[PDB]
2 protein chains.
Amino acid sequence: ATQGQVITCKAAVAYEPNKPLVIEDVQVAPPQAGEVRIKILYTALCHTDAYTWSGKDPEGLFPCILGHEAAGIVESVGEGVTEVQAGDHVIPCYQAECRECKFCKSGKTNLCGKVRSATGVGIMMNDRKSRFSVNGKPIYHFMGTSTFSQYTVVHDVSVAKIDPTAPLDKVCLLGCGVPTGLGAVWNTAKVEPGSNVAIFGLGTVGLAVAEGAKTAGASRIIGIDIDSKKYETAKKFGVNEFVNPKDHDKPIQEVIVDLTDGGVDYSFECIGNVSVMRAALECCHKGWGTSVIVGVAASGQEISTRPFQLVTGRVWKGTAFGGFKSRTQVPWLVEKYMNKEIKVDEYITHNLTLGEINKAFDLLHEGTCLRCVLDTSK
Amino acid sequence: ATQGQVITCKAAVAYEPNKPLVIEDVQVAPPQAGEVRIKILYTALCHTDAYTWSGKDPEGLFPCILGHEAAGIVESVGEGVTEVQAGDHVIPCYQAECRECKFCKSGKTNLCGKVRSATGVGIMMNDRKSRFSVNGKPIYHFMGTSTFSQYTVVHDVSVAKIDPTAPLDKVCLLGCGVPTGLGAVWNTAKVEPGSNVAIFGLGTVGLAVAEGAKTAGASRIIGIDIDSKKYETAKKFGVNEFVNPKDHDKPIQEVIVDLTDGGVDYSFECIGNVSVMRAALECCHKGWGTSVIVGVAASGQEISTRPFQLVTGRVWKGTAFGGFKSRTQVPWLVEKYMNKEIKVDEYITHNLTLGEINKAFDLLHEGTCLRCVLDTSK
Ligand SMILES: NC(=O)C1=CN([C@@H]2O[C@H](COP(=O)(O)OP(=O)(O)OC[C@H]3O[C@@H](n4cnc5c(N)ncnc54)[C@H](O)[C@@H]3O)[C@@H](O)[C@H]2O)C=CC1
Ligand SMILES: NC(=O)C1=CN([C@@H]2O[C@H](COP(=O)(O)OP(=O)(O)OC[C@H]3O[C@@H](n4cnc5c(N)ncnc54)[C@H](O)[C@@H]3O)[C@@H](O)[C@H]2O)C=CC1
Ligand SMILES: [Zn+2]
Ligand SMILES: [Zn+2]
Ligand SMILES: [Zn+2]
Ligand SMILES: [Zn+2]
């Protein structure tokens, strides 16, 4: 048994903004009530990790174990945990689903407040302390997940139990960008067959929106990116027209309006840039157009438009994890992937190891990844 | 000019139930106010035609010119007609869209009563007489369309103006089965991505439902037909599992429930058989399942179920022309076909001429057609 015992293991610790992550031996405490200790086998990285690592995250706390896109196998569970057990295959999710709060009970949102008072400050609810340490001193959790490690401890309300035959080096991506993108189409916008759609930003999120739109039956799927190399790549995900704002003097919204004779039925902003968010709203069609903000803007940044845009029938909205309830629906997305109904594999451009995580981050930084997946054994 | 003049032309006249249609020379009167005379180039036939021809239609009136799935070119228009003109390419529709009645104004239905008091009894609204005759004696219109003719006269509220570059030997199918099927999914049911669907009856309507479901993002698309040869054909339209009721002693609803562990999210009955309609309702999932009746049952036939089926969350509904507004949306479907977003060609199994219409009906009778299209020039 490792159960009830401290586990020493490899993990990538971020000690300071912008410094290379150091691969330490760390102590992972056993799970307390309501907690789940997971053997993480594969973890993906994304710009959300890098953002905090670069010291730009006002909620960032050092030293910490980053990582929030993973899949693994439950090693043990704490007192009272019943939905997973040792041996279950799981995806830890930064977005909880407690099923007991007024948000979960509402039936009108996927947001759940249950553990965010602890996970927002790098600790666990049960004792308001961390489960990670080196040389007797605590290392903060990150986003309730901390998946840059061979083992992590997470709240049971954050653990999705998945099909035990799913490939763990692929379905690690179903914890972040892919569900956000697909559900922005399916849940937040509810795009109807024949809709025309604009997608601003063709990274992983944007490409998942394009797949979502394609699956929902959209007609014109117009991608907008400042990097024209993204178009060739985006075609397999369903993007079927492309505009680079740099090729035009006019604001991009006017360009899209001209291209569609009035605007799109739905737009999605998958960058996190307030000016593009405004453009995405303003390129929607009068009367019925809807824009969904998926991008996460920096602190203090504001979106603007003229109220006539909304008075004349446009709707402004946004999405958090595609509107998916994590514990209930991440398993459902895994099922759809196993049935070849959603892409996952095609988003993984590189496969490295946890040991080479610093190299993964260099790949991320240079725009070379869609998703880079890390094997935590080496 | 043929305009303002009577036109003599070929047309297939049905004089008596079950007798071979006779290809006469007929007189087509010029259009009066609100009417449109159309040079019909291609017309498809379907079981709706045959039903009336076989004398089973209580609204059937003889002698008559059958046919309701066509495409052509406007020859002339009557007083006051402004939405089409001579030379426009058109699809005459059995379902009007006047835009002025309480049904059109409702925003809650595609049914329009405007001309059905005349078209239901084989005549025109303007003068309550027919525009067809042989040897001075009147021939009734059928379904406001009468497309088994080189020329017909229809109400302007029934004429969809379409893209002038569309192939008229294909888009004749967008006046009946294909929109009914696609819109049963898109408009009546509003099937969401990932839904499981059952389709009862894999003719043209059923196959259009399958295409609709596929386009909407459905997961399991289960086809049910008493002819197992329909499965191979149905696969290209999106059917991905198949059940023949004959291979099972249990009622088909129990079979589907077993296959899906509880039932489908949506079912569609595309036959017109009250017992299968009940089966389609009862194979829907508790809590949220919805069945859509597309099939048109015989007079006096009734559907039945136990109320607990509905009390426990199933919804029973039906569709008329897929919920599409004809004049506004048939042009839209043509646009989608031209953009390769909906199939049309694949439903056309044979191409004959109006002269061989009796042979077309034999093909129809033996189950050999999905859709048989007729060139009216020969
Ligand atoms: N709402 C939510 O729950 C979630 C939001 N996100 C957010 O989604 C956004 C995208 O994430 P990823 O796809 O991983 O990022 P990414 O960095 O891989 O992709 C960004 C893309 O936007 C393009 N771009 C940058 N500036 C542009 C401009 N001015 N106009 C057009 N294109 C431009 C880049 O060329 C790049 O292709 C981020 O803000 C991220 O925080 C991510 C996950 C969940
Ligand atoms: N609601 C509306 O607006 C419209 C309704 N319709 C109706 O849709 C229905 C289907 O039309 P089409 O596809 O042209 O007919 P079809 O005759 O081409 O297809 C009927 C299919 O049902 C199958 N079938 C017959 N009995 C069966 C059973 N007991 N169980 C399972 N399968 C069975 C046959 O094998 C055949 O494949 C008809 O009732 C027609 O009147 C057609 C157009 C519009
Ligand atoms: Zn991520
Ligand atoms: Zn909750
Ligand atoms: Zn028909
Ligand atoms: Zn009307």
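Just the heavy atoms: all of them, side chains too, but no hydrogens, waters or symmetry mates, feed the values below. Letters A, B, ... are given to chains in the order of the sequence lines, protein chains preceding strands, and every chain is numbered from 1. Every number for a ligand or one of its atoms is a count from 1 in the order of the listing.
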The Zn ion (ligand 3): protein N, O or S atoms that are less than 2.8 Å away, sorted by chain = A/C46 SG, A/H68 NE2, A/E69 OE2, A/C176 SG
Measure from atom 37 (O) of ligand 2 to every heavy atom in B/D227, B/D225, B/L364 and give the option owning the shortest one.
-> B/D225
Heavy-atom gap B/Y94 to ligand 2 smaller than 4.0 Å | yes
Angle class for the A/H68/A/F142 ring planes (parallel below 30°, perpendicular above 60°, tilted otherwise)?
-> perpendicular
Which of the atoms in ligand 2, numbered in the order shown and given with their element, are less than 4.0 Å from a heavy-atom of B/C176?
-> 43 (C)
cation_pi(A/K343, A/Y347) dist<6.0 Å, angle<=45 = no
Under 4.0 Å from any heavy atom of B/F321, which atoms of ligand 2 are there?
-> 2 (C), 3 (O)
Could you list which atoms of ligand 2 come closer than 4.0 Å to a heavy atom of B/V205?
-> 8 (O), 10 (C), 11 (O), 12 (P), 13 (O), 42 (C)
Any idea which of B/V209, B/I226, B/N244 brings a heavy atom closest to atom 28 (C) of ligand 2?
-> B/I226
Under 4.0 Å from one or more heavy atoms of B/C270, ligand 2 contributes atoms 9 (C), 10 (C)
What part of B/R371, side chain, backbone, both or neither, has a heavy atom within less than 4.0 angstrom of ligand 2?
-> side chain
Could you walk me through whether A/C46 and A/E69 pass the side chain to side chain contact (heavy atoms under 4.5 Å, CB included) test, one step at a time?
-> CA-CA 8 Å; A/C46 91; A/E69 290 182 41; 3.4 Å; yes
Enumerate the atoms of ligand 2 whose separation from the nearest heavy atom of B/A320 is less than 4.0 angstrom.
-> 3 (O)
Is the closest N or O pair between B/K230 and ligand 2 shorter than 3.5 Å?
-> no
Only protein N/O/S atoms count here: give how many lie under 2.8 Å from the Zn ion (ligand 6).
-> 4
Does B/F200 reach ligand 2, in the sense of a heavy atom lying below 4.0 Å from it?
-> no
B/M143 side chain near B/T119 side chain, heavy-atom distance below 4.5 Å = no
